[PDB]
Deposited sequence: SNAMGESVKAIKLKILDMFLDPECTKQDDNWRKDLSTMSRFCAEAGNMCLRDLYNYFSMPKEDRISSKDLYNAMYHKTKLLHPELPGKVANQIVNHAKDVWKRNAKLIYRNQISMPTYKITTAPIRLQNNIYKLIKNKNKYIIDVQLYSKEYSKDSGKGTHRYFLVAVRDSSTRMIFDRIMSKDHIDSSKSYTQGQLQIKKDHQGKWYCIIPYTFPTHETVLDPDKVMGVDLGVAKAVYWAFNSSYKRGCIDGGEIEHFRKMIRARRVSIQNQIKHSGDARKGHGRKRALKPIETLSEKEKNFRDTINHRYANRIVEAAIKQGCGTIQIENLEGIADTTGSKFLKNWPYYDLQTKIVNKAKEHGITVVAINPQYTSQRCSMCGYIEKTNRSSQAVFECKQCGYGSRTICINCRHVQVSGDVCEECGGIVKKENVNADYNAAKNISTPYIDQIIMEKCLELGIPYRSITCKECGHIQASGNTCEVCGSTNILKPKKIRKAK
């Protein structure tokens, strides 16, 4: 369900990342091929068992023991934990695909090298952190493999799992031979009760969170297509109901957007709505978002839509894709893991993570500025200093 892919660098016999295990890629490839072959063999055994009549068949526990014995005999190099995980995963995939098998919607499920991971239980994998290096401590004595995190979110998740409950660790491969270390995790469930929303012309709404980098844009292809359809049909009628249909669509499209905004607010734990204030019935949308957010107890606050798109989110600079000249927010390239600006390059010097060019849209910047708590005070303390007048 919830898992993170971690790029691998090398394999070390010791946990200090000093002595590298030579030819570890070939050993891991042979291990994955053995895992795939054993999984295919035990899936064929499952198909043979379930294809036979139920009365003339062995018990389920006997079948699992026989599959485990066959997996151990066919590839003795596979350790017991990995073989048991292969057997369990084959049993699960057969449980999920037996109806497709016997309705012949799919052929025999098999594990290619890409989709056949070295499945390992959580009781044998330990996530340790050592300075910038991240080390997995699986027991295949116990091998320690370098893990290169490439995002700030993946670092926080990895640290939380090290100190979230780990799932069934998977080690897949790719076309180029790159091994991916995918660590599933589980979390306690706990529902929660500040954000903002910008508004353009055809971009519809955009929202950002005050404390989280979560983004979401309502790509108003629906609204644009509806407007084009109404205009074209009106032109055709003139050349040769529409107004009422357009009015009712505008009356119901705010309910869809208000529902989406309320769902996004409830998700990720947000309990306050600081939305903007007023070709389209924006007052209807404001009323709908005020009424629909009150069902969950989220207060809606209306703020002036002045100097919100022009303001920079990072530094607060005001000037007449958005890129303020003070810090170069739009044009800068930053590492995800460290958020330190670099001139160029897709690899960070401080972290070695992914460096992504900032795709800061104007709508998202306006939404994040609107999401700032106490926008009136922070805009009176800035616009008045720069001499730019605003209506209050």
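Coordinate coverage of the deposited sequence breaks at 1-7, 148-159, 183-191, 222-226, 274-294, 333-345, 388-394, 467-500, these segments carrying no C-alpha atoms.
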